[PDB]
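Contents: one structure, followed by commentary.
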2 protein chains.
Amino acid sequence: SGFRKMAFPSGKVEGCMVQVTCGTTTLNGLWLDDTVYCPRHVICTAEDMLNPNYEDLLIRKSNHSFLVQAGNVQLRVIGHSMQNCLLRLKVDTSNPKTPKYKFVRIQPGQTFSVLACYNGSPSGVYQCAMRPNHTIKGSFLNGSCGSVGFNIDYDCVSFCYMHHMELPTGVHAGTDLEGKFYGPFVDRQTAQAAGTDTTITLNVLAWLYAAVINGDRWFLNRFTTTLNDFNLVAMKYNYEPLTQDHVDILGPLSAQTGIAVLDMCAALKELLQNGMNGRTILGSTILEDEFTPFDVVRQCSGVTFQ
Amino acid sequence: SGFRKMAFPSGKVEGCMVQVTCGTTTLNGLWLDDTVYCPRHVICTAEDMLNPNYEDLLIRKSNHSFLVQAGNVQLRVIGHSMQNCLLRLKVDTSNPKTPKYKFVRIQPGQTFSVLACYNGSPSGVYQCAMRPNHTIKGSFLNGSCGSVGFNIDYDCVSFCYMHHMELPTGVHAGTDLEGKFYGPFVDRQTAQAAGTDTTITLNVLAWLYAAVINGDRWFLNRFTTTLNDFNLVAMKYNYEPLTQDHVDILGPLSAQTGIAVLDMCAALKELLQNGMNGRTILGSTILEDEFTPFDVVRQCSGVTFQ
Ligand SMILES: O=C(Cn1nnc2ccccc21)N(Cc1ccsc1)c1ccc(-c2cccnc2)cc1
Ligand SMILES: O=C(Cn1nnc2ccccc21)N(Cc1ccsc1)c1ccc(-c2cccnc2)cc1
């Protein structure tokens, strides 16, 4: 029993973190096989960030413009190329700790583990959702760029995020491991801001199912709803519209608890209209939206506490 | 910016987890140098748990009653002894991944990282406080016994918890790495229950300081309080009494923000009396008590957002 914001064990990723220095700029990189990935803004001075032409800044560098430090060991760079907003440095040594891995572009509402790093040294691990506005509510200080996000399935690390920037509201933006930004953001100084965000409806429903698996039913009711009647309420409370795709994903949790998805939707509509009346769900006074249906099945018992 | 329940990077601990089997019972152990530590209830049958005499159950075992599996590798047990509520198995192989480590007995209110494990395989990592009632609000399923809690300081792992049991309210109890229980609990079936708990006052104050470091002052006020006038309110709201020791620990956060500790106490007294008026602090609608002053200084910027 219990229900926590749980991260994946970080060791497979810790063995990949290095420090990348270009001039007076240092940040983190990811060392897999004989390639180091890092934000391309490593090649900028403070002033360059105001209006960088990265093609023009990079052609001015050699392989020996870059220093890679893996623990105490210096790696020699033997190649470099830009891929979207990342640099790919070829190094003289294959990482002996390279795990089985993939690169994946996650979708909004999906969750991942972040390993916060500074100077190539991991400092902390925590679980993030990709917000519908393509930001994450991370915890990052200066030096954290190149920190990575990931998921683990059966000893394969799916890398999905590399940290590039903090926006003015204190939330965080970055790229996939092909260097494509999540959301409309760019790795230069502009007036860019987080767009309006929404509550991740599917995740709120998953977490209500989690609370029923763990033995709590107080918030259920004898009502049902149509998808459209639900969505009229959802729009009032700045929730994402529920789709039939979302109903189908909740099938297994529905089956484990014997609560029809639209009957759980009716329960959520009543929670949004009435509030929680000073009550808690899995210890929370608010509706949690940073657990996916997959997270709930990973963490909760396969046997409902009936 | 941002503020998250952050765990320590788990890799140094992942390289220590093994599976321990005695008969039909399997759970997790911790492999450091040539010793494996695990809960002594590994030697019990289901029926033995009702009223075990561990001295009498253990004298009936040999070294070869125990199987230790480290990944695919079988370790041979060459020695065994009981230490309080743990077994110490001597094995034929020193763990090559043993980190620099200590064993520490943490105090109530202090925080640690838990690596949830099943069958010697790490599944998740999350941060826990030791509650004043000597339980933790963990997330554990059957098979999780022998999972460990820890802190990391400069590459030294301080191991402080080994998981033994879930109590009837769904919270979790266990021992230090000398096998002494936190709290009054025992590793047998009884009517034992979590005692009454309290809010960790010191941690609530640390987290208010975190919110000011990160640039939020909405909840401050022009009042001060005496320690005793604060404690009269604290007792009404099931908060731990604040002591001068607690005031002294908050000195550095006080200095970084320029808010006197008792002026922060006045702010908390007003939050407890008035509530939060639909507002949030570091994204929370409740007063958080699972971050110590040390956690706040580890995670927050050294420069207050004035
Ligand atoms: O957001 C960042 C860096 N960053 N990331 N997470 C952070 C958390 C707290 C504080 C700063 C943090 N930016 C703006 C930016 C805008 C588009 S892409 C990056 C940032 C990148 C490089 C520099 C810099 C400084 C000196 C030399 N070279 C680069 C200067 C600024
Ligand atoms: O709490 C536990 C085990 N445990 N721990 N975390 C859990 C989370 C969810 C479910 C069960 C969990 N107990 C009770 C207990 C009371 C004092 S010490 C342990 C427990 C230990 C060994 C057994 C057992 C079963 C079969 C064979 N041998 C032992 C049977 C029960």
Side-chain angles (χ1 to χ4, degrees), chain A residues 1-2 21-28 39-52 54 57 85 114 116-118 135-136 138-147 162-168 170-175 181 185-192 214 300-301 303 305, chain B residues 1-2 21-28 39-52 54 57 85 114 116-118 135-136 138-147 162-168 170-175 181 185-192 214 300-301 303 305:
Chain A
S1 188
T21 307
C22 188
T24 280
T25 311
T26 294
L27 47 58
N28 304 279
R40 70 180 180 164
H41 68 63
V42 73
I43 76 178
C44 295
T45 64
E47 298 64 41
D48 283 333
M49 288 306 302
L50 222 43
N51 188 29
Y54 282 98
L57 290 169
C85 301
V114 169
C117 294
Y118 295 86
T135 66
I136 64 174
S139 181
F140 284 124
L141 300 179
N142 197 25
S144 61
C145 302
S147 292
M162 188 165 260
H163 185 54
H164 288 240
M165 80 168 95
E166 184 171 281
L167 293 160
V171 299
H172 299 111
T175 65
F181 265 87
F185 305 112
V186 292
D187 50 351
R188 57 179 182 276
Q189 297 329 109
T190 81
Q192 64 192 319
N214 279 21
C300 288
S301 177
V303 177
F305 184 21
Chain B
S1 188
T21 307
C22 188
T24 280
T25 311
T26 294
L27 47 58
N28 304 279
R40 70 180 180 164
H41 68 63
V42 73
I43 76 178
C44 295
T45 64
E47 298 64 41
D48 283 333
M49 288 306 302
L50 222 43
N51 188 29
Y54 282 98
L57 290 169
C85 301
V114 169
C117 294
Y118 295 86
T135 66
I136 64 174
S139 181
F140 284 124
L141 300 179
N142 197 25
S144 61
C145 302
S147 292
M162 188 165 260
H163 185 54
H164 288 240
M165 80 168 95
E166 184 171 281
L167 293 160
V171 299
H172 299 111
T175 65
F181 265 87
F185 305 112
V186 292
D187 50 351
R188 57 179 182 276
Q189 297 329 109
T190 81
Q192 64 192 319
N214 279 21
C300 288
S301 177
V303 177
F305 184 21

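Each chain gets a letter, A, B and so on, in the order the sequences are listed, and its residues count up from 1. Order of appearance sets the numbers: ligands from 1, and atoms from 1 within every ligand.
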- Item | Partner of A/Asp187 by side-chain hydrogen bond (donor to acceptor under 3.5 Å, both in side chains), out of A/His164, A/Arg40, A/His41 | A/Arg40

- Is there a donor-acceptor pair under 3.5 Å between the side chain of A/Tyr118 and the backbone N or O of A/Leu141? yes

- Message: So B/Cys44 and B/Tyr54, do their side chains get closer than 4.5 Å, heavy atoms only?
- Response: yes

- Between B/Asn28 and B/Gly143, which heavy-atom pair has the shortest distance, and what is it? ND2-O, 3.0 Å

- Verify, without hydrogens or angle tests, whether B/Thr21 (side chain) and B/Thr26 (backbone) share a donor-acceptor contact under 3.5 angstrom. no

- Message: Determine whether a donor-acceptor pair (N or O, by modelled atom type, separation under 3.5 Å) exists between the side chain of A/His163 and the backbone of A/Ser144.
- Response: no

- Residues in the immediate environment of ligand 1 (any heavy atom closer than 4.0 angstrom): A/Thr25, A/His41, A/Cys44, A/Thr45, A/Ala46, A/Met49, A/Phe140, A/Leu141, A/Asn142, A/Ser144, A/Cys145, A/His163, A/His164, A/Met165, A/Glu166, A/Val186, A/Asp187, A/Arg188, A/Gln189

